[PDB]
Amino acid sequence: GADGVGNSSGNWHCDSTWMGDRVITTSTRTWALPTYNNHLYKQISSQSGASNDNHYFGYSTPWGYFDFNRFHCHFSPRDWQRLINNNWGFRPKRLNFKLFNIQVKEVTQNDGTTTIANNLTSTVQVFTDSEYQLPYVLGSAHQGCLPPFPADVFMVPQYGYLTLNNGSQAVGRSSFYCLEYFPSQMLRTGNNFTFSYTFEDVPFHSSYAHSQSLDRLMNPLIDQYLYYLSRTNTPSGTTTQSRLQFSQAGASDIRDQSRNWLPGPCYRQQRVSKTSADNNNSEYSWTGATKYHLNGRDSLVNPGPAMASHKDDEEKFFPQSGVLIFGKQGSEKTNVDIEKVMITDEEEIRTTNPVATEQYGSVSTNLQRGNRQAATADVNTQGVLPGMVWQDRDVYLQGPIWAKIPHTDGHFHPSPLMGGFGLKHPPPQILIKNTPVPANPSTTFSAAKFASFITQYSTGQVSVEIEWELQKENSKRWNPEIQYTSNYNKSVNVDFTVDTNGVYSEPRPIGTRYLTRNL
Amino acid sequence: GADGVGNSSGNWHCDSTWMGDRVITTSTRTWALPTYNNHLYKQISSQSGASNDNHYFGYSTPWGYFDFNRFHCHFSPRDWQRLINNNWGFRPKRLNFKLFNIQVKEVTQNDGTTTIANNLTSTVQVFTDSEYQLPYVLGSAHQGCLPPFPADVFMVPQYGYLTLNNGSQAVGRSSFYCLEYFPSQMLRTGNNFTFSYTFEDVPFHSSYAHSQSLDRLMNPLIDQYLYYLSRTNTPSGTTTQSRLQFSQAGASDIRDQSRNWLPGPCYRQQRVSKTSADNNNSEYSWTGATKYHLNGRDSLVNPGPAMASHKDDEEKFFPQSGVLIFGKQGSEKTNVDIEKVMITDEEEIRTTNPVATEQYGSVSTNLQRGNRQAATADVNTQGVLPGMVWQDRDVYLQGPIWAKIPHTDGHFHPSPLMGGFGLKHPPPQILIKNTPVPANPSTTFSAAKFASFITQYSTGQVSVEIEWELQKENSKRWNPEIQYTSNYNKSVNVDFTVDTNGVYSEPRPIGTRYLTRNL
Amino acid sequence: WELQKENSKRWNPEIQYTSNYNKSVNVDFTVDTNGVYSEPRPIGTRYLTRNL
C-alpha cells in the first residue's frame with residue numbers, strides 16, 4: 001500500500017475479542033526512532049580491567065528493532081483476568097504485524113533554538129529476517145518493549161550483539177554481520193509495512209495449580225499390600241539385638257508408603273529473608289551465590305530451574321537468585337532497596353517441585369556392617385531421573401512471552417527458564433533504520449566517506465495482533481476456586497491506573513496460576 | 001550373477017560424485033581371508049589371575065567379517081575437505097555392498113618350499129544377518145577396517161563375542177551362537193554377493209561451530225528489566241549493617257544477567273599436560289582416573305560425555321581419558337610415547353559445553369542465618385536438567401561412522417559417545433568363511449570328527465557405496481570463515497601421501513567443525 | 001556470474017583461504033572501534049590446483 005502525502009496509511013487498532021475458543025489481542029503504539037552511532041557500526045568490548053567474568057566483545061549497529069515479547073503489551077489487566085481466572089491453558093497461534101503513518105522529521109539546531117520540520121522525501125528502511133540469520137536478541141528480557149499502557153510513546157532500542165572473545169580480544173571465529181547487507185523495504189511517508197507469522201505447534205502453558213501433591217496421592221483408608229522395613233532391631237531387655245521387621249504402610253505412617261513418582265530436579269539456592277534482621281551480615285551476594293562455569297568464567301544462574309520458593313508458612317524467605325524480581329514504577333537501575341522491587345513467589349509449585357532453598361533428599365553414604373553404623377549424605381543437586389515430574393515456571397503478567405531454543409545437537413525439555421514458550425522458530429526480528437541523508441558535499445571530489453549528515457528522526461505507529469488459543473476448565477470441584485480479585489477497600493489510587501500526575505503503574509506481579517486441577 | 005571361471009564377476013568402482021544435494025562415495029579394496037581356529041569354535045576367557053575388572057567369557061569363531069565403519073574408508077582427504085568446508089551437516093541415506101572376483105587358493109607346505117595353487121571347485125560362504133540376531137561387534141572401534149588408501153590389501157578380521165560371566169566362569173544365561181546355523185550364500189569362483197541397505201532417518205551431524213556462547217547471548221547496549229541482588233550489606237561507617245539491595249543487570253556486570261539456558265552436563269575428568277614437567281610424579285593412570293561401576297567391576301570411561309577439552313589458551317592441557325587419541329602411522333600397541341599419538345581437541349564446543357577438567361558450577365551448601373556465614377560447594381558431576389543444551393562429540397576423519405543403540409526399555413539422547421550416528425538398526429554384519437575341505441579320509445570308517453583339512457585361503461574384491469545427504473550453509477556473515485588448509489610451506493613429504501618407501505600416513509586428525517553458525 | 005566447477009581427482013587436501021584462528025584485537029574485514037572498515041590484505045583468486 002502506497003498512499004499520498006495526505007492520505008492516512010493505516011487505522012488505529014487496539015482491541016481484544018473473545019470467541020471463546022480463541023482470544024485475539026491487538027495493540028497499537030506510537031514509536032520514535034533516532035539515529036544511533038552516527039549512522040555507523042562500531043565494535044564494543046569490556047572496559048579495561050573488568051573482571052574475567054565480565055569480558056565481552058561485540059558490535060553496536062545503527063539499526064533499531066521492535067520487541068513486543070512482554071505479555072502486558074498484548075493484555076490489559078482486565079483482559080489478563082478473564083484468561084487467568086477462566087482457563088487452564090493458553091498458547092499463541094498466529095500473529096500479524098503492521099507499520100503505518102510513518103513520518104520523518106529533520107531537526108536544525110542553531111543557537112539555542114531548534115526547529116523541527118517535515119522532511120517529505122526522506123525514507124525509512126525496515127526488514128524482518130525470518131530466516132534467523134542474525135544473532136537473536138529477543139528473549140533476553142531487555143527493556144524497550146512496547147509500553148504497558150497504550151497512551152505511552154516509546155523510543156525504539158538500538159540493536160547490538162556479542163560474539164566469541166578471549167579477554168576483550170576477538171577470536172577468529174567471531175562473526176561480523178552487516179545489516180545493510182539484507183533486502184529491506186524502504187518506506188517513505190505514505191508507505192506501510194506488514195507481515196504475518198504463524199507459531200509452530202507448542203504445548204499449552206499450564207495456568208492451573210494442583211490440588212494434590214506427589215507425596216500424598218493415595219487412598220488413606222486402605223492399606224498397601226507392599227511391606228517396608230518398619231524397624232531394624234528388637235530388644236532382649238538387657239540389650240537390643242539386631243532383628244529386622246516389616247510392615248504394610250497405611251494411614252498411620254504415610255511417609256513409608258511406596259510411591260510411584262519422584263519430584264522434579266533441583267539445583268540448590270541460598271535462602272535470604274525479606275526482614276533485614278534475619279540475614280547474615282557479610283557480602284555473600286557473589287561468593288555465596290549459586291553459579292555455573294563455562295570456559296573459565298562463572299555466571300550467576302539467576303532464573304534457575306523451576307522450584308518452589310519456600311515451604312509452608314515461610315513466606316518471609318525467598319531464594320537468593322531463584323526468583324524473578326520486577327521493579328516498581330520509577331525504580332532506579334542500581335542498588336535499590338527491597339521496598340522498591342516486586343519479588344515474585346512460586347509457592348504454587350510446592351506439590352510437584354522441591355523447595356529451591358533445601359536439598360532434594362538424603363542418600364546412603366556407606367555400606368553398613370555389624371561393626372560400623374550406617375551413614376547418609378545430603379543431595380544438594382539432582383539431575384533428571386526416570387519417573388520424575390515437574391512444573392514449569394510461571395509466566396506472570398510482565399514476564400516474557402517466548403524464547404528461541406538454541407540450534408544445537410541436543411536439548412532437554414526446551415521450555416525456557418524465565419518462563420514462556422520455547423520456540424524453535426520464534427517471531428522474527430523487525431529491524432528499522434533512518435536512511436542517511438548527506439549534507440552539502442564539497443564541490444571538489446573527495447574519495448573519503450561522508451562525516452556530515454542531516455540530523456533527523458522518524459516516528460509512526462506500530463500494530464501487533466496475536467491470536468491465542470485457550471484450554472477451557474472442566475472440573476467437578478464442589479467448593480469455590482481462588483480468583484484474582486482487586487481489593488474492595490478504599491484507596492487513594494486505583495491499582496493498575498494512572499495517578500494524579502499521569503504515571504501508569506503496576507502494583508504487583510500477576511502470575512497465571514489460580515484455577516486448580518487435581519494431580 | 002554366476003559367470004564362468006574366466007569371466008570377471010565385477011568391475012572396480014572407486015569414485016566420488018557430488019550432485020550438490022547428495023554425495024555418493026564408492027570404494028573398492030582387495031581382501032584376503034585365512035582360516036581361523038582350524039575351522040572350529042572355541043571358548044575364550046580371562047587368563048588365570050587377571051584382575052576382577054578384566055574377567056571375560058566368550059567364544060571365538062572361524063568366521064571373519066567386514067567393517068567399513070571408519071570414515072576415511074569412504075572419503076579421501078580431499079573429498080573430506082569439500083564436505084567439511086562447505087557444509088553445515090550430513091547424514092547417510094542408503095548404501096550398497098557388492099563382493100566379486102573371489103578366488104580360493106590351496107597352499108601346500110613341503111620342506112621349505114610352499115606352492116600356492118588355484119583350487120577351482122572350493123567355495124566361500126557369506127551371509128548378512130540383517131535381523132540383528134548376533135552380538136553386534138561393530139562400533140567398538142576395533143581394527144581391521146578397510147584401509148584408508150585404496151592400494152592397500154587388508155586381512156579380514158576374526159569374529160568373536162563375549163557373554164555373561166562370573167569371574168571367568170559362565171552363567172546359565174550366557175548364550176552360544178553357531179554361525180553355521182544361519183542361511184548363507186555359498187560362492188564359488190565366478191559368483192558374486194550383493195545387498196543394499198537404507199539408513200533409518202537420523203539427525204544430521206553438526207559440522208558447524210557456534211559464533212556465540214550461552215553466557216553471552218544478549219544485547220550489550222540495553223539493560224534488562226529484571227533485578228538481582230547487587231549487594232547484601234551497607235556500611236554504617238562504624239560497622240557494616242546487613243541491608244540487601246538490588247540492581248538491573250547491564251553491560252557493566254554481564255555475569256549477573258538473567259539467562260534463559262544452561263550448559264550441558266558434565267562428568268568431571270582429571271587434567272594432564274602435554275609438557276612432561278607439569279604433570280605430577282605418581283601412578284594415577286588408574287587410581288586417579290574417572291570410572292563407572294557395574295556388577296562390582298570398575299570400568300574407565302574413556303570417551304566420556306562430550307565436553308570442551310580446555311578453556312582459553314590452555315591448549316597444553318587435555319583431559320585424562322576425555323579425548324579420542326589416534327596413533328601416528330607405525331605406532332606400537334603398548335606404552336608408546338606422547339610424540340607418537342595424535343590427541344584430538346574438542347575446544348570448538350567451549351560455547352555450549354563445560355570444560356571437561358573443571359566443575360559445572362557451585363551450589364549453596366547450607367541455610368544462612370545472622371549467626372552463621374553462607375557456604376557453597378562445588379558440583380563435579382551434573383545430570384541433565386530442564387533447559388540444558390549441548391553439542392555432540394565430533395566425528396573427525398578416522399573416527400567411527402555409526403553405532404548400534406542397545407535394545408533396552410529406555411535410553412536418553414541416543415547419539416553415541418565416540419561420535420557418529422546412533423542407529424537403532426545399523427548396517428548389518430557381513431560374515432565370511434572358507435568352507436572346510438577334508439583331506440584324504442581313512443579307508444575304514446570312523447565316527448570321529450575330521451582333524452585334517454586342506455590348508456587354503458581366499459581373496460577377492462569388496463565394494464562399498466554409501467549415499468550421503470548434505471545440509472548446505474546459508475549465512476549472512478560478512479567476514480571470511482575458517483577453512484581447512486594444507487600448509488603452503490615446503491616440506492620433505494606431502495601430507496596425506498605415501499613416502500619414499502610407499503607407506504601412506506595421516507599427519508593429523510581432521511575434525512568436521514569449521515563453518516560457523518550463530519547460536 | 002557464471003561459475004566453472006572444480007572436478008579433480010587429487011587425493012590430498014587443497015590450499016584454501018582461511019582467516020587465522022588466533023585471537024586479535026580487531027577482526028579482519030571488519031569495522032574497528034571507530035567505525036572504520038578496513039581490508040587487511042589483498043585476496044587473489046588462485047588457490048585450487050589444476051594439473052597443467
# chains A, B, ... in the order shown; residues from 1 in each chain; ligands from 1
call {"tool": "interface_residues", "arguments": {"of": "chain B", "to": "chain C", "cutoff": "8 Å", "atoms": "only C-alpha atoms", "output": "ChimeraX atom specification"}}
result
/B:76-79,81,478-488,495-497
call {"tool": "closest_atom_pairs", "arguments": {"of": "segment 417-488 of chain B", "to": "segment 188-209 of chain B", "cutoff": "9 Å", "atoms": "only C-alpha atoms", "output": "CSV"}}
result
residue,atom,partner,partner_atom,distance
B:420,CA,B:205,CA,7.5
B:421,CA,B:202,CA,7.3
B:422,CA,B:202,CA,7.8
B:423,CA,B:200,CA,7.4
B:424,CA,B:200,CA,8.1
B:425,CA,B:200,CA,7.3
B:426,CA,B:199,CA,7.3
B:427,CA,B:197,CA,6.8
B:428,CA,B:197,CA,8.4
B:469,CA,B:204,CA,8.6
B:470,CA,B:204,CA,8.4
B:471,CA,B:204,CA,7.9
call {"tool": "write_last_selection", "arguments": {"atoms": "N, CA, C and O atoms", "output": "PDB file, in the first residue's frame"}}
result
ATOM      1  N   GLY B 420      29.501 -39.971  15.935  1.00  0.00           N
ATOM      2  CA  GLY B 420      28.817 -40.665  14.875  1.00  0.00           C
ATOM      3  C   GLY B 420      27.334 -40.783  15.133  1.00  0.00           C
ATOM      4  O   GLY B 420      26.763 -40.172  16.037  1.00  0.00           O
ATOM      5  N   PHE B 421      26.707 -41.602  14.304  1.00  0.00           N
ATOM      6  CA  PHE B 421      25.261 -41.681  14.217  1.00  0.00           C
ATOM      7  C   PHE B 421      24.777 -42.881  15.009  1.00  0.00           C
ATOM      8  O   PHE B 421      25.157 -44.013  14.711  1.00  0.00           O
ATOM      9  N   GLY B 422      23.948 -42.641  16.017  1.00  0.00           N
ATOM     10  CA  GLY B 422      23.258 -43.743  16.659  1.00  0.00           C
ATOM     11  C   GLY B 422      22.231 -44.323  15.713  1.00  0.00           C
ATOM     12  O   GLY B 422      21.370 -43.606  15.195  1.00  0.00           O
ATOM     13  N   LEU B 423      22.305 -45.628  15.488  1.00  0.00           N
ATOM     14  CA  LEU B 423      21.385 -46.302  14.586  1.00  0.00           C
ATOM     15  C   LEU B 423      20.727 -47.450  15.320  1.00  0.00           C
ATOM     16  O   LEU B 423      21.411 -48.348  15.815  1.00  0.00           O
ATOM     17  N   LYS B 424      19.403 -47.410  15.404  1.00  0.00           N
ATOM     18  CA  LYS B 424      18.674 -48.494  16.044  1.00  0.00           C
ATOM     19  C   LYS B 424      18.798 -49.777  15.237  1.00  0.00           C
ATOM     20  O   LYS B 424      18.902 -50.868  15.807  1.00  0.00           O
ATOM     21  N   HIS B 425      18.791 -49.663  13.912  1.00  0.00           N
ATOM     22  CA  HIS B 425      19.045 -50.777  13.002  1.00  0.00           C
ATOM     23  C   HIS B 425      20.235 -50.397  12.139  1.00  0.00           C
ATOM     24  O   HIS B 425      20.068 -49.835  11.050  1.00  0.00           O
ATOM     25  N   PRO B 426      21.452 -50.665  12.588  1.00  0.00           N
ATOM     26  CA  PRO B 426      22.616 -50.224  11.856  1.00  0.00           C
ATOM     27  C   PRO B 426      22.822 -51.089  10.630  1.00  0.00           C
ATOM     28  O   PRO B 426      22.056 -52.037  10.406  1.00  0.00           O
ATOM     29  N   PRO B 427      23.827 -50.801   9.812  1.00  0.00           N
ATOM     30  CA  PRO B 427      24.154 -51.692   8.723  1.00  0.00           C
ATOM     31  C   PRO B 427      24.489 -53.070   9.252  1.00  0.00           C
ATOM     32  O   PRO B 427      25.284 -53.205  10.192  1.00  0.00           O
ATOM     33  N   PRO B 428      23.907 -54.112   8.682  1.00  0.00           N
ATOM     34  CA  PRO B 428      24.111 -55.453   9.218  1.00  0.00           C
ATOM     35  C   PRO B 428      25.546 -55.905   9.047  1.00  0.00           C
ATOM     36  O   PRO B 428      26.325 -55.335   8.285  1.00  0.00           O
ATOM     37  N   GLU B 469      23.612 -37.401   2.523  1.00  0.00           N
ATOM     38  CA  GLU B 469      22.808 -36.211   2.304  1.00  0.00           C
ATOM     39  C   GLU B 469      23.477 -35.024   2.969  1.00  0.00           C
ATOM     40  O   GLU B 469      23.985 -35.140   4.082  1.00  0.00           O
ATOM     41  N   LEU B 470      23.479 -33.885   2.295  1.00  0.00           N
ATOM     42  CA  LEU B 470      24.212 -32.718   2.747  1.00  0.00           C
ATOM     43  C   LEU B 470      23.259 -31.603   3.141  1.00  0.00           C
ATOM     44  O   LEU B 470      22.185 -31.447   2.561  1.00  0.00           O
ATOM     45  N   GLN B 471      23.668 -30.821   4.125  1.00  0.00           N
ATOM     46  CA  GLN B 471      22.923 -29.651   4.569  1.00  0.00           C
ATOM     47  C   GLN B 471      23.744 -28.416   4.242  1.00  0.00           C
ATOM     48  O   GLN B 471      24.791 -28.183   4.850  1.00  0.00           O
TER      49      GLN B 471
END
call {"tool": "closest_atom_pairs", "arguments": {"of": "segment 169-207 of chain B", "to": "segment 158-162 of chain B", "cutoff": "12 Å", "atoms": "only C-alpha atoms", "output": "CSV"}}
result
residue,atom,partner,partner_atom,distance
B:170,CA,B:162,CA,10.4
B:171,CA,B:162,CA,11.9
B:174,CA,B:162,CA,8.8
B:175,CA,B:162,CA,9.1
B:176,CA,B:161,CA,9.5
B:177,CA,B:161,CA,9.3
B:178,CA,B:160,CA,11.2
B:179,CA,B:159,CA,10.1
call {"tool": "write_last_selection", "arguments": {"atoms": "N, CA, C and O atoms", "output": "PDB file, in the first residue's frame"}}
result
ATOM      1  N   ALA B 170      31.212 -69.119  33.271  1.00  0.00           N
ATOM      2  CA  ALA B 170      29.987 -68.745  32.595  1.00  0.00           C
ATOM      3  C   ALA B 170      28.800 -68.769  33.546  1.00  0.00           C
ATOM      4  O   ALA B 170      28.812 -69.425  34.587  1.00  0.00           O
ATOM      5  N   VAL B 171      27.762 -68.044  33.161  1.00  0.00           N
ATOM      6  CA  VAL B 171      26.491 -68.025  33.867  1.00  0.00           C
ATOM      7  C   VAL B 171      25.449 -68.669  32.966  1.00  0.00           C
ATOM      8  O   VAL B 171      25.550 -68.611  31.739  1.00  0.00           O
ATOM      9  N   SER B 174      24.282 -67.126  29.721  1.00  0.00           N
ATOM     10  CA  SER B 174      25.192 -66.812  28.632  1.00  0.00           C
ATOM     11  C   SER B 174      24.822 -67.613  27.396  1.00  0.00           C
ATOM     12  O   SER B 174      24.568 -68.814  27.475  1.00  0.00           O
ATOM     13  N   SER B 175      24.795 -66.946  26.252  1.00  0.00           N
ATOM     14  CA  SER B 175      24.303 -67.533  25.020  1.00  0.00           C
ATOM     15  C   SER B 175      25.452 -67.957  24.124  1.00  0.00           C
ATOM     16  O   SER B 175      26.501 -67.317  24.082  1.00  0.00           O
ATOM     17  N   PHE B 176      25.236 -69.053  23.411  1.00  0.00           N
ATOM     18  CA  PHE B 176      26.169 -69.569  22.426  1.00  0.00           C
ATOM     19  C   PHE B 176      25.508 -69.514  21.065  1.00  0.00           C
ATOM     20  O   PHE B 176      24.412 -70.048  20.886  1.00  0.00           O
ATOM     21  N   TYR B 177      26.164 -68.866  20.113  1.00  0.00           N
ATOM     22  CA  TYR B 177      25.649 -68.726  18.762  1.00  0.00           C
ATOM     23  C   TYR B 177      26.518 -69.519  17.807  1.00  0.00           C
ATOM     24  O   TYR B 177      27.737 -69.337  17.777  1.00  0.00           O
ATOM     25  N   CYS B 178      25.898 -70.393  17.032  1.00  0.00           N
ATOM     26  CA  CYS B 178      26.594 -71.144  15.998  1.00  0.00           C
ATOM     27  C   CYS B 178      26.318 -70.458  14.672  1.00  0.00           C
ATOM     28  O   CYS B 178      25.178 -70.423  14.209  1.00  0.00           O
ATOM     29  N   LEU B 179      27.361 -69.905  14.065  1.00  0.00           N
ATOM     30  CA  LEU B 179      27.187 -69.170  12.826  1.00  0.00           C
ATOM     31  C   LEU B 179      26.898 -70.085  11.654  1.00  0.00           C
ATOM     32  O   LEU B 179      26.367 -69.627  10.642  1.00  0.00           O
TER      33      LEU B 179
END
call {"tool": "atom_distance", "arguments": {"atom1": "atom CA of residue 335 of chain B", "atom2": "atom CA of residue 49 of chain B"}}
result
21.9 Å
call {"tool": "select_by_dssp", "arguments": {"residues": "segment 53-104 of chain B", "states": "helix (DSSP H, G or I)", "output": "list in words"}}
result
residues 53, 54, 71, 72, 73, 74, 77, 78, 79, 80, 81, 82, 83, 84, 85 and 86 of chain B
call {"tool": "write_last_selection", "arguments": {"atoms": "N, CA, C and O atoms", "output": "PDB file, in the first residue's frame"}}
result
ATOM      1  N   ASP B  53      38.320 -56.622  37.278  1.00  0.00           N
ATOM      2  CA  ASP B  53      37.739 -55.808  36.226  1.00  0.00           C
ATOM      3  C   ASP B  53      37.951 -56.414  34.850  1.00  0.00           C
ATOM      4  O   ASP B  53      37.202 -56.097  33.925  1.00  0.00           O
ATOM      5  N   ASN B  54      38.953 -57.271  34.699  1.00  0.00           N
ATOM      6  CA  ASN B  54      39.368 -57.758  33.395  1.00  0.00           C
ATOM      7  C   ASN B  54      38.771 -59.105  33.019  1.00  0.00           C
ATOM      8  O   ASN B  54      39.043 -59.592  31.922  1.00  0.00           O
ATOM      9  N   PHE B  71      35.282 -43.482   8.769  1.00  0.00           N
ATOM     10  CA  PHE B  71      35.024 -42.536   7.680  1.00  0.00           C
ATOM     11  C   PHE B  71      36.074 -42.621   6.588  1.00  0.00           C
ATOM     12  O   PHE B  71      35.737 -42.679   5.403  1.00  0.00           O
ATOM     13  N   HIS B  72      37.353 -42.611   6.955  1.00  0.00           N
ATOM     14  CA  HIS B  72      38.371 -42.488   5.923  1.00  0.00           C
ATOM     15  C   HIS B  72      38.327 -43.616   4.911  1.00  0.00           C
ATOM     16  O   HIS B  72      38.975 -43.509   3.870  1.00  0.00           O
ATOM     17  N   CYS B  73      37.619 -44.701   5.201  1.00  0.00           N
ATOM     18  CA  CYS B  73      37.360 -45.695   4.172  1.00  0.00           C
ATOM     19  C   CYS B  73      36.668 -45.052   2.982  1.00  0.00           C
ATOM     20  O   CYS B  73      37.059 -45.255   1.829  1.00  0.00           O
ATOM     21  N   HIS B  74      35.612 -44.294   3.250  1.00  0.00           N
ATOM     22  CA  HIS B  74      34.757 -43.755   2.203  1.00  0.00           C
ATOM     23  C   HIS B  74      35.289 -42.460   1.606  1.00  0.00           C
ATOM     24  O   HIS B  74      35.152 -42.234   0.403  1.00  0.00           O
ATOM     25  N   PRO B  77      41.081 -37.548   1.668  1.00  0.00           N
ATOM     26  CA  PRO B  77      41.321 -36.278   2.353  1.00  0.00           C
ATOM     27  C   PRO B  77      40.829 -35.072   1.585  1.00  0.00           C
ATOM     28  O   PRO B  77      40.436 -34.079   2.200  1.00  0.00           O
ATOM     29  N   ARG B  78      40.830 -35.120   0.259  1.00  0.00           N
ATOM     30  CA  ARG B  78      40.250 -34.018  -0.495  1.00  0.00           C
ATOM     31  C   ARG B  78      38.731 -34.082  -0.507  1.00  0.00           C
ATOM     32  O   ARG B  78      38.071 -33.058  -0.325  1.00  0.00           O
ATOM     33  N   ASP B  79      38.152 -35.265  -0.707  1.00  0.00           N
ATOM     34  CA  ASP B  79      36.702 -35.386  -0.603  1.00  0.00           C
ATOM     35  C   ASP B  79      36.219 -34.968   0.769  1.00  0.00           C
ATOM     36  O   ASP B  79      35.150 -34.371   0.904  1.00  0.00           O
ATOM     37  N   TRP B  80      36.988 -35.281   1.803  1.00  0.00           N
ATOM     38  CA  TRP B  80      36.595 -34.881   3.141  1.00  0.00           C
ATOM     39  C   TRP B  80      36.627 -33.372   3.287  1.00  0.00           C
ATOM     40  O   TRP B  80      35.932 -32.820   4.141  1.00  0.00           O
ATOM     41  N   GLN B  81      37.406 -32.691   2.457  1.00  0.00           N
ATOM     42  CA  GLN B  81      37.544 -31.249   2.585  1.00  0.00           C
ATOM     43  C   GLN B  81      36.379 -30.501   1.947  1.00  0.00           C
ATOM     44  O   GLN B  81      35.952 -29.472   2.471  1.00  0.00           O
ATOM     45  N   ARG B  82      35.871 -30.973   0.806  1.00  0.00           N
ATOM     46  CA  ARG B  82      34.671 -30.371   0.231  1.00  0.00           C
ATOM     47  C   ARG B  82      33.521 -30.423   1.219  1.00  0.00           C
ATOM     48  O   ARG B  82      32.780 -29.451   1.381  1.00  0.00           O
ATOM     49  N   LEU B  83      33.376 -31.551   1.907  1.00  0.00           N
ATOM     50  CA  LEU B  83      32.288 -31.719   2.855  1.00  0.00           C
ATOM     51  C   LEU B  83      32.488 -30.844   4.074  1.00  0.00           C
ATOM     52  O   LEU B  83      31.558 -30.175   4.530  1.00  0.00           O
ATOM     53  N   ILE B  84      33.700 -30.823   4.605  1.00  0.00           N
ATOM     54  CA  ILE B  84      33.943 -30.180   5.885  1.00  0.00           C
ATOM     55  C   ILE B  84      33.856 -28.667   5.751  1.00  0.00           C
ATOM     56  O   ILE B  84      33.342 -27.983   6.638  1.00  0.00           O
ATOM     57  N   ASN B  85      34.358 -28.121   4.647  1.00  0.00           N
ATOM     58  CA  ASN B  85      34.413 -26.678   4.472  1.00  0.00           C
ATOM     59  C   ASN B  85      33.098 -26.087   4.008  1.00  0.00           C
ATOM     60  O   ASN B  85      32.802 -24.937   4.330  1.00  0.00           O
ATOM     61  N   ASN B  86      32.350 -26.799   3.185  1.00  0.00           N
ATOM     62  CA  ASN B  86      31.198 -26.231   2.509  1.00  0.00           C
ATOM     63  C   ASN B  86      29.856 -26.551   3.144  1.00  0.00           C
ATOM     64  O   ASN B  86      28.838 -26.086   2.636  1.00  0.00           O
TER      65      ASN B  86
END
call {"tool": "closest_residue", "arguments": {"among": "B:35, B:119, B:114, B:295", "to": "residue 157 of chain B", "atoms": "only C-alpha atoms"}}
result
B:35
call {"tool": "residues_around", "arguments": {"residues": "residue 6 of chain C", "least_positions_apart": "2", "cutoff": "10 Å", "atoms": "only C-alpha atoms", "output": "list in words"}}
result
residues 3, 4, 8, 9, 48, 49 and 50 of chain C
call {"tool": "atom_distance", "arguments": {"atom1": "atom CA of residue 226 of chain B", "atom2": "atom CA of residue 126 of chain A"}}
result
29.1 Å
call {"tool": "residues_around", "arguments": {"residues": "residue 215 of chain A", "least_positions_apart": "3", "cutoff": "8 Å", "atoms": "only C-alpha atoms", "output": "short mmCIF file (atom, residue, chain, number, x, y, z; two decimals) with N, CA and C atoms, in the first residue's frame"}}
result
data_model
loop_
_atom_site.label_atom_id
_atom_site.label_comp_id
_atom_site.auth_asym_id
_atom_site.auth_seq_id
_atom_site.Cartn_x
_atom_site.Cartn_y
_atom_site.Cartn_z
N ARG A 255 4.50 -41.57 55.29
CA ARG A 255 5.81 -41.33 54.69
C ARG A 255 6.45 -42.59 54.16
N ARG A 259 5.72 -45.17 46.71
CA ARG A 259 5.23 -44.15 45.81
C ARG A 259 5.80 -44.39 44.43
N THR A 351 3.79 -28.63 45.21
CA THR A 351 3.32 -30.01 45.13
C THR A 351 4.31 -30.89 44.38
#
call {"tool": "residues_around", "arguments": {"residues": "residue 50 of chain A", "least_positions_apart": "2", "cutoff": "10 Å", "atoms": "only C-alpha atoms", "output": "PyMOL selection string"}}
result
(chain A and resi 46-48+52-56+167-168) or (chain B and resi 252-253)
call {"tool": "write_last_selection", "arguments": {"atoms": "N, CA and C atoms", "output": "compact mmCIF listing (two decimals), in the first residue's frame"}}
result
# COMPACT_ATOMS: atom_id res chain seq x y z
N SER A 46 34.49 -5.16 26.64
CA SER A 46 34.54 -4.90 28.07
C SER A 46 35.60 -3.86 28.38
N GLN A 47 35.29 -2.98 29.32
CA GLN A 47 36.13 -1.83 29.58
C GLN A 47 37.32 -2.22 30.43
N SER A 48 38.52 -2.04 29.88
CA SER A 48 39.77 -2.05 30.65
C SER A 48 39.92 -3.27 31.54
N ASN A 52 37.30 -11.09 34.89
CA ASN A 52 37.29 -12.17 33.91
C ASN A 52 35.89 -12.58 33.50
N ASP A 53 34.95 -12.54 34.44
CA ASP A 53 33.60 -12.97 34.11
C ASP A 53 32.87 -11.96 33.24
N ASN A 54 33.30 -10.70 33.26
CA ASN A 54 32.57 -9.62 32.62
C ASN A 54 33.07 -9.28 31.23
N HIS A 55 34.11 -9.94 30.73
CA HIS A 55 34.61 -9.63 29.40
C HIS A 55 33.58 -9.95 28.33
N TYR A 56 33.50 -9.08 27.32
CA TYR A 56 32.63 -9.31 26.18
C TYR A 56 33.20 -8.59 24.98
N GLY A 167 39.42 -12.76 26.62
CA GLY A 167 39.51 -11.47 27.28
C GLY A 167 38.56 -10.53 26.57
N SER A 168 39.04 -9.33 26.27
CA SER A 168 38.30 -8.43 25.40
C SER A 168 38.68 -8.59 23.94
N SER B 252 27.70 -3.32 32.36
CA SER B 252 28.71 -3.22 33.41
C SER B 252 28.98 -4.58 34.04
N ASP B 253 27.94 -5.26 34.52
CA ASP B 253 28.06 -6.63 35.00
C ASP B 253 27.27 -7.55 34.09
call {"tool": "select_by_dssp", "arguments": {"residues": "segment 288-458 of chain B", "states": "strand (DSSP E or B)", "output": "PyMOL selection string"}}
result
chain B and resi 291-294+297-300+308+317-319+325-327+341-343+355+361-364+369+372+376-379+381-382+388-390+400+402-404+421-423+430-434+438+453+456-458
call {"tool": "decode", "arguments": {"residues": "segment 173-190 of chain B", "atoms": "C-alpha atoms", "output": "PDB file, in the first residue's frame"}}
result
ATOM      1  CA  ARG B 173      22.098 -67.080  30.834  1.00  0.00           C
ATOM      2  CA  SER B 174      25.192 -66.812  28.632  1.00  0.00           C
ATOM      3  CA  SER B 175      24.303 -67.533  25.020  1.00  0.00           C
ATOM      4  CA  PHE B 176      26.169 -69.569  22.426  1.00  0.00           C
ATOM      5  CA  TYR B 177      25.649 -68.726  18.762  1.00  0.00           C
ATOM      6  CA  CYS B 178      26.594 -71.144  15.998  1.00  0.00           C
ATOM      7  CA  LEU B 179      27.187 -69.170  12.826  1.00  0.00           C
ATOM      8  CA  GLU B 180      26.890 -72.335  10.740  1.00  0.00           C
ATOM      9  CA  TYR B 181      23.231 -72.258  11.736  1.00  0.00           C
ATOM     10  CA  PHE B 182      22.172 -69.348   9.545  1.00  0.00           C
ATOM     11  CA  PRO B 183      21.292 -69.371   5.835  1.00  0.00           C
ATOM     12  CA  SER B 184      24.348 -68.317   3.875  1.00  0.00           C
ATOM     13  CA  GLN B 185      25.134 -67.943   0.202  1.00  0.00           C
ATOM     14  CA  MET B 186      27.979 -70.189  -0.916  1.00  0.00           C
ATOM     15  CA  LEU B 187      30.212 -68.547  -3.502  1.00  0.00           C
ATOM     16  CA  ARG B 188      32.473 -70.435  -5.857  1.00  0.00           C
ATOM     17  CA  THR B 189      34.831 -68.666  -8.255  1.00  0.00           C
ATOM     18  CA  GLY B 190      32.586 -66.792 -10.636  1.00  0.00           C
TER      19      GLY B 190
END
